[PDB]
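Notes follow the structure.
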Amino acid sequence: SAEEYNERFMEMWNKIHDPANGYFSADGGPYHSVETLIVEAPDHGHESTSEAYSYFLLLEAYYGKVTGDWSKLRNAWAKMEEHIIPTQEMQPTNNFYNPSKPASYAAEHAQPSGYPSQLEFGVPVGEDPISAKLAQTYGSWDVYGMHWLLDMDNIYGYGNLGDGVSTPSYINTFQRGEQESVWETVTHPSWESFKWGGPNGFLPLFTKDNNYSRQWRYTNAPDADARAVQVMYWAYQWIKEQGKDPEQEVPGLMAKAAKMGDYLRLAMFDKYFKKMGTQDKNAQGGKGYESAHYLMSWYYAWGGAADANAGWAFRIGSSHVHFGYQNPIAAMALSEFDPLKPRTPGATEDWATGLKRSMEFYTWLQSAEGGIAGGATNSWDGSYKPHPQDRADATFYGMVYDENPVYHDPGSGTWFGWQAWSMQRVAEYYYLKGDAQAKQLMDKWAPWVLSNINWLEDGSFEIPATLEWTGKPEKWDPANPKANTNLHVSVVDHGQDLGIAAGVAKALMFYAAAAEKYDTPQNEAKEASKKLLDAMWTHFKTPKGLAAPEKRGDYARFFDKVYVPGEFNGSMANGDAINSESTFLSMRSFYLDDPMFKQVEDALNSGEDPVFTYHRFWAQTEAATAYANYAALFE
Ligand SMILES: OC[C@H]1O[C@@H](O[C@H]2[C@H](O)[C@@H](O)[C@H](O)O[C@@H]2CO)[C@H](O)[C@@H](O)[C@@H]1O
Ligand SMILES: [Ca+2]
Ligand code: NA
Ligand code: NA
């Protein structure tokens, strides 16, 4: 029944919202995870992410759907704005920004030891063709987008605006290229007041310059902003399905969603607004949209000098594009659905171009077997180097194929989770529009997944976890696309990642629903969806939601040394040292007081991998909502 699956969702929703289970901080924002000791993208479980906020929106949107009560969604959007979108006071100097000269170039490097990277004021940067028009639209130079990373409990001691106290605290980590794993960062405040770090705060870890100024900067995760917009598209439909009025149920939120998708266009540009196909850092930069790829790149970022003695601000897009970030639902909403169309002239056209280009990108990256390959870069080696001869033909509108876009430790192509996150969105598009390109993609992707799930003796399962890639796609040709017969993927590891299992279930259910509506039924997809969901319910119940144990041998890296320059002498807020003998743990010695830490040490001291059972907000939300989703589609 529908009512049973809806009850499973409600039970989960109740668990997530019961304060005894610890999903939310003192300020009412989701944590990454209930458990504090966890290292993967954030480096503590009581960090939070724009991803978590986007999932908080999803959770409360389904609660609306099921119950008629939209107040939870109103609350979630308000918490997002309050916590994770910098107020004017927190982004105080966007008036310094010059869209004709958006930033100054620094190379990326193949190891963190490459950093700090020299700012090269003789290297041309292209024009930003959107910021001035966004500022005119909204009456403000400020950016309305989520920063990616918060410290919810002030565990690093930065507070906000240099205050050492306020929560959620804006922080950042990753800054030192493709080999800077989550283990190798130095966690630093978004507001750089030179209070901590060295004499010039944390800045000289990252960029070399003659002068260092106090400053603020934020870094967007486009996949999370895109997800927020996707959720609101669905929320609108669900409200209308109840015969209610979105302007009474979620007043102002569609307009704020369309604003966020307006600024999210910054993700569609090369890092330094270089022309597509740029293969020399010295090349004159783009004008207008010459530097647009129209996809959801790895980030956009913006920042500004604290004061007029310095008097600068910057914006950058990203030159790395991973398939796992794309979102045809957000692009279709922002280009076609009136209540979410952004107001800045051009913005509906860019998103229409984005929607098309993203469907070409999934097609271009589809392996012989069905999995989607990593993505592409407009900056080979993060220095606009020449495209290597061994992949020189493998291009997509000027960008070259990259099997592991952005990061290599571990490879960003190797995680199966991206398959599920991004293909769910294609499956939704197939469902919504009966789109032929989406159908063809999913016809090839769905059975590759199904073929690689192992059903276990006890009724449980293992899904694909880790991937290995060989080869390259053919040169993209939208007029005559070639079969990528020399791009291959193998599944080399399986696991019980229930967040990813739920995302597979959802991709499968939308694919099956779409097929029944528009083509021939795909009963195996539908049954596999249901089996996953039922096997999770009957094998992985916990007091806090649905979770499976996981081995984390990677936690040996707590004790790894981290690159810090010889000239750099710094302190963390708790007085931990930042120097050339620092390790991940020695700069995060609060972990010594965490109960789970003793368990890591004891396990590693016994020659064993530690084992944890995690309740990640995004996963518990994905699992909870997958029950509601199935009931909505099939009952
Ligand atoms: O960076 C992508 C994504 O990773 C999530 O953690 C993964 C981790 O990358 C994978 O190695 C581990 O085996 O499974 C976990 C859980 O799926 C992290 O939870 C996300 O926040 C992050 O966006
Ligand atoms: Ca105006
Ligand atoms: Na805010
Ligand atoms: Na590394």
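The entry's author numbering numbers the first residue of the sequence shown as 33 and each following residue consecutively.
Backbone N, C-alpha and C define an ideal beta-carbon position, used for all residues, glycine too.
For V263 versus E72, is the C-beta spacing smaller than 8 Å? no
Just the C-alpha distance for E506 and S149, rounded to the nearest angstrom, thanks. 34 Å
Give the straight-line distance between the Cα atoms of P156 and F305, rounded to the nearest whole angstrom. 9 Å
Who are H440's beta bridge partners in DSSP? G443
By alpha-carbon positions, which one of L151, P131, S132, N130 ends up nearest to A139? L151
Would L296 and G177 qualify as a contact pair, given that the criterion is a beta-carbon distance under 8 Å? yes
Are three or more beta carbon pairs between the region 469-488 and the region 376-384 nearer than 8 Å? no
So, using beta-carbon positions, are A290 and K373 closer together than 8 Å? yes
Would you report the Cα separation of residue 673 and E667, rounded to the nearest angstrom? Since the displayed the chain opens at 33 and closes at 667, residue 673 lies outside it and no answer follows.
Verify the contact flag: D525, CB atom, against every heavy atom of ligand 1, threshold strictly below 7 Å. No, Cβ of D525 sits at least 7 Å from all heavy atoms of ligand 1.
Among all the DSSP beta bridges, which residues are the ones paired with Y250? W334
Cβ of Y646 within 8 Å of Cβ of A588? no
Counting only runs of 3+ residues fully inside the region 533-601, write out the beta strand (DSSP E) ranges in chain order. 581-583
Between the CA atoms of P144 and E216 - distance to the nearest angstrom: Approximately 8 Å, taken between the alpha carbons.
Name the residue from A655, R249, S483 whose alpha carbon lies nearest to the alpha carbon of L193. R249
Mind listing which residues have their beta carbon within less than 5 Å of any non-hydrogen atom of ligand 4? Chain order is fine. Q211, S213, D441
Is it a yes or a no for the region 540-551 touching the region 411-431, going by three-plus beta-carbon pairs under 8 Å? These segments do not touch.
Using the rule of at least 16 other Cβ atoms within 10 Å of the residue's Cβ for burial, across every protein chain shown, is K111 buried or exposed? buried
Indicate whether the contact test is met: 3 or more Cβ pairs, each with one atom in the region 250-258 and one in the region 274-287, closer than 8 Å. These segments do not touch.
Just tell me which of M455, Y357, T385, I162 has its CA closest to the CA of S367. It is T385 whose Cα lies nearest to the Cα of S367.
Please classify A345: does DSSP put it in a helix, a strand, or coil? strand
Simplified DSSP state of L181, which is helix, strand or coil: strand
Contact set for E79: own chain, Cβ-Cβ below 7 Å, skip 5 residues either direction: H64, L181, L182, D183, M184
Straight-line Cα distance separating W650 from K563: 21 Å
Would the beta-carbon of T119 be found less than 7 Å away from any heavy atom of ligand 3? Correct: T119 has its Cβ closer than 7 Å to ligand 3.
State whether the region 476-483 contacts the region 397-407, with contact taken as three or more CB pairs (one from each stretch) at a distance under 8 Å. yes
Assuming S86 and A260 make a contact with CB atoms under 8 Å, what is their CB distance in whole Å? Contact flag correct, Cβ pair sits at about 5 Å.
For the region 188-205 and the region 220-235, state whether three or more C-beta atom pairs, one from each stretch, are separated by less than 8 Å. In the pairwise beta carbon analysis, the region 188-205 is classified as touching the region 220-235: at least three pairs are separated by under 8 Å.
If I follow the unbroken alpha helix (DSSP H) through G293, where does it start and stop? 285-295
Cβ neighbour criterion (16 or more within 10 Å) applied to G275: exposed
Using the Cα positions of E494 and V523, report the straight-line distance between them to the nearest angstrom. Each residue's Cα considered, the two are about 12 Å apart.
Using CA coordinates, which residue listed in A511, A515, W501 is at the minimum distance from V521? Selection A511, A515, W501 evaluated against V521 yields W501 as nearest (Cα-Cα).
Pick out whichever of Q168, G293, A408 has its Cα sitting closest to the Cα of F369. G293
So, is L327 buried or exposed, given that buried needs 16 or more other C-beta atoms within 10 angstroms? Classification of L327: buried, given that the 10 Å Cβ count is 16 or more.
What does the alpha-carbon distance come out to for the pair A340 and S245? So the two alpha carbons sit approximately 10 Å from each other.
Any idea what DSSP makes of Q311, helix, strand or coil? coil
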